[PDB]
Amino acid sequence: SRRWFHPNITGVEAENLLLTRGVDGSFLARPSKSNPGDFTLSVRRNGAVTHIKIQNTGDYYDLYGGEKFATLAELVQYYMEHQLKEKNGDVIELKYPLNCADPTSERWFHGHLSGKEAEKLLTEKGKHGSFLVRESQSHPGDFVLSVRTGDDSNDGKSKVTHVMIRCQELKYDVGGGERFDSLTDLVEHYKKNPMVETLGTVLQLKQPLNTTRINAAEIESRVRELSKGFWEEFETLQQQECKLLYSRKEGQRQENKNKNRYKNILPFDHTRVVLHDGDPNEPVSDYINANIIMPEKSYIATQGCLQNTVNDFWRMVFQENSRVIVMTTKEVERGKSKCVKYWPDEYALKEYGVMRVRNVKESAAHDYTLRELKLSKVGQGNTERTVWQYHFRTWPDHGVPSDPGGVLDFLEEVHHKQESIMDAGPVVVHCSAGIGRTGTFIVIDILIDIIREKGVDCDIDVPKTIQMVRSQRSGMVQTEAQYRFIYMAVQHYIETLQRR
Ligand SMILES: CC1(N)CCN(c2cnc3c(-c4cccc(Cl)c4Cl)c[nH]c3c2)CC1
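Those letters in the sequence shown? Residues 3 to 84, 87 to 156, 160 to 235, 246 to 313, 325 to 528, per the authors' numbering, in order.
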């Protein structure tokens with residue numbers, strides 16, 4: 003849980019918080035109330051507050067006077083372990101997170117909800133240790149912790168307990184003992200130190216009640232319901258990114274600094290693609306900014333090549349036996365290189381280090397170009413394999429497509445290509461940093477794959493899938509707009525399947 007993030011605060015409320023409850027070096031982050039993808043880092047320095055803008059248009063968090071980051075938690079970790089200056093050059097220190105007490109972005113918080121409502125949800129969907137916190141209806145201002153415990160039919164082996172939580176002078180308690188500054192501090196305490204009943208039952212808080220898993224048949228109702246919040250479901254997912262600060266030590270090595278498009282957007286050690294059979298004369302020849310994404325068909329999520337990583341990209345494709353590449357940027361957007369050209373012109377042949385690529389044929393569709401490429405190792409003719417590059421060309425410079433039909437038709441074609449090729453390795457997917465559009469395309473592909481095989485009567489869970497992909501590369505799916513677009517794409521896919 004991301005405690006320095008305050009979801010429902012104004013700029014002057016942030017100032018007053020830092021001036022009355024903080025010291026120099028205190029900080030918090032907050033969203034804008036009107037623009038998603040605008041965020042502010044508010045910091046106290048010399049008895050005054052500075053507000054530093056962070057923009058996200060879809061590719062990364064861009065901190066004014068700072069770096070680009072995959073997540074706000076990775077941003078805060080970076081500066082608390084390092087570097088941040090104003091317009092002028094004066095150091096801004098991030099020392100002390102100012103904690104937020106607001107529970108409304110927690111997975112377990114249900115606001116207005118009755119005991120019988122909570123019981124029926126825990127009976128229908130909960131299991132042992134499933135829990136929620138709700139507002140007390142009998143005692144205004146108070147709250148109730150509802151917990152299922154049991155074995156795992161309705162044979163009385165399981166039950167729902169309700170523990171009253173008093174709120175007294177803005178502190179929270181369960182009738183005795185410690186008084187907490189927030190419901191989150193209380194929940195974390197009793198997660199670690201569970202309550203035991205008189206006769207021995209342990210009220211284990213194992214997991215919040217799942218409210219996001221839906222039957223695919225019922226996508227339209229969920230989308231209609233979320234259109235009046247997508248922002249609120251997204252920000253609850255974003256609150257969990259504190260849990261995904263896995264090590265990125267290889268990417269952080271001096272010898273690998275030049276191989277990262279953005280110095281702080283780095284692959285997790287535990288899922289990075291390790292490159293073998295490198296040049297012995299190159300000191301570190303095993304690194305690429307790329308991760309294996311395995312749903313729990326696989327993917328490699330990677331960045332747009334740099335001039336000096338083109339040969340490594342082709343080493344990767346050959347080694348992993350990838351037969352399909354998805355590119356989700358033009359080479360240049362808004363005057364900036366987003367991905368260098370790493371393929372030859374049509375009918376041309378180029379050598380990229382030890383690899384040889386022929387561009388056999390390009391075919392233009394409305395939304396994309398297909399390039400049929402032939403990849404082989406120089407000196408070894410029988411290593412030739414076809415690699416099909418699907419270059420999506422119509423994604424807008426900021427935000428998302430207004431209709432998902434283009435992306436869905438593209439992904440359907442990519443899927444059938446991949447499935448047509450026996451023993452094809454992972455599908456390579458890359459944009460600019462390889463986390464925003466790349467994460468959106470991979471998550472849509474994962475969700476659609478379920479419905480393709482199991483039909484419309486299968487369970488999907490959009491944020492749970494995203495969190496699972498985010499544990500394999502930082503910040504996969506960057507914005508609310510992409511989040512909503514994933515739902516919209518899944519909805520549109522379900523409707524075309526129902527029309528058949
Ligand atoms: C009544 C509610 N306020 C409605 C929103 N509810 C809700 C629950 N879960 C999530 C997740 C989620 C799902 C699966 C795994 C992970 Cl890690 C996450 Cl974060 C993302 N957004 C969520 C919103 C919480 C109750």
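Think of the CB as a built atom: it goes at the ideal place given N, C-alpha and C, for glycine as much as any other residue.
Subject >> CB of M504 within 8 Å of CB of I463, strictly >> reply: yes
Original post:
Which class does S404 belong to by DSSP, given the choice of helix, strand or coil?
Top reply: strand
Subject >> Spatial neighbours of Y380 in its chain, beta-carbon cut-off 6 Å, leaving aside the 5 residues before and after >> reply: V338, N339 and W342
Subject >> Cβ separation of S502 and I282, assumed to be a contact under 8 Å, to the nearest whole Å >> reply: 7 Å
**OP:** Could you tell me whether the stretch 96–108 touches the stretch 20–37, using the rule of 3 or more Cβ pairs below 8 Å?
**Re:** yes
Original post:
From this set, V51, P38 and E390, which residue's C-alpha is nearest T22's C-alpha?
Top reply: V51
**OP:** For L43, write down the residues that DSSP places opposite it in a beta bridge.
**Re:** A31 and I54
Original post:
For the 8 Å Cβ check, are there 3 or more pairs between the stretch 126–138 and the stretch 206–224?
Top reply: yes
**OP:** Can you tell me which of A517, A307, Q495 and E15 puts its alpha carbon nearest to the alpha carbon of residue 2?
**Re:** Within the shown structure, residues of the chain are numbered from 3 to 528, placing residue 2 beyond reach of any answer.
Subject >> Three-state secondary structure assigned by DSSP to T191 >> reply: helix
Original post:
Can you give the Cα-Cα distance for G67 and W371, rounded to whole angstroms?
Top reply: 35 Å
Original post:
What three-state label does DSSP hand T397 in the structure shown?
Top reply: strand
**OP:** May I ask whether a heavy atom of ligand 1 can be found less than 7 Å away from the beta carbon of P107?
**Re:** no
Original post:
Using a threshold of 7 Å, is the CB atom of residue 238 nearer than that to any non-hydrogen atom of ligand 1?
Top reply: In this structure residue 238 is absent; the chain steps straight from 235 to 246.
Original post:
Got a sec, what are the start and stop residues for the beta strand (DSSP E) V388 sits in?
Top reply: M383 to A392
**OP:** Would you mind sorting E69 into buried or exposed? The rule is 16 or more other CB atoms within 10 Å of its CB.
**Re:** buried
Subject >> Expected contact under 8 Å - CB spacing of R289 and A307 to nearest Å >> reply: 7 Å
Original post:
Where DSSP assigns a beta bridge to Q214, which residues make up the other side?
Top reply: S134
Original post:
Within 7 Å: the Cβ of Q257 and any heavy atom of ligand 1?
Top reply: yes
Original post:
So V456 packs on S350, CB below 8 Å; how close in whole Å?
Top reply: 5 Å
**OP:** Given a cut-off of 8 Å, decide if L262 and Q79 are closer than it, judged by their beta-carbon atoms.
**Re:** yes
Original post:
When the Cβ atoms of the stretch 419–426 are set against those of the stretch 356–368, are three or more pairs found closer than 8 Å?
Top reply: yes
Subject >> When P297, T468, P33 and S499 are compared against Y515, the one with the closest alpha-carbon >> reply: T468
Original post:
Of the choices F71, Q417, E232 and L19, whose alpha-carbon is the least far from that of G49?
Top reply: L19
Original post:
Skipping 5 residues on each side, what residues in its chain have a beta carbon closer than 7 Å to that of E227?
Top reply: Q519
Original post:
Is the Cβ-Cβ distance between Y197 and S189 less than 8 Å?
Top reply: no
Original post:
What span of residues does the alpha helix (DSSP H) with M344 cover, start to end?
Top reply: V338 to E348
Subject >> Range of the contiguous alpha helix (DSSP H) that encloses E379 >> reply: Note, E379: premise wrong, no alpha helix (DSSP H); beta strand (DSSP E) at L377 to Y380.
Original post:
Okay, do the stretch 31–47 and the stretch 114–127 touch, 3+ Cβ pairs below 8 Å being the bar?
Top reply: no
Original post:
With burial defined as no fewer than 16 other Cβ atoms inside 10 Å of the residue's Cβ, what is the status of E232: buried or exposed?
Top reply: exposed
Original post:
Within 10 angstroms of its Cβ, does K366 collect 16 or more other Cβ (buried), or is it exposed?
Top reply: buried
Subject >> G115: first and last residue of the uninterrupted beta strand (DSSP E) it sits in >> reply: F113 to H116
**OP:** Give the single residue among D146, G39 and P432 whose Cα lies nearest to the Cα of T524.
**Re:** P432
**OP:** Determine the direct distance from the alpha carbon of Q256 to that of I56, and round the result to whole angstroms.
**Re:** 17 Å
**OP:** Can you say whether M383 is buried or exposed, counting buried as having 16 or more other CB atoms within 10 angstroms of its CB?
**Re:** buried
**OP:** With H287 as the anchor, note down where its beta strand (DSSP E) starts and where it stops.
**Re:** Per DSSP, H287 belongs to no beta strand (DSSP E) and is neither H nor E.
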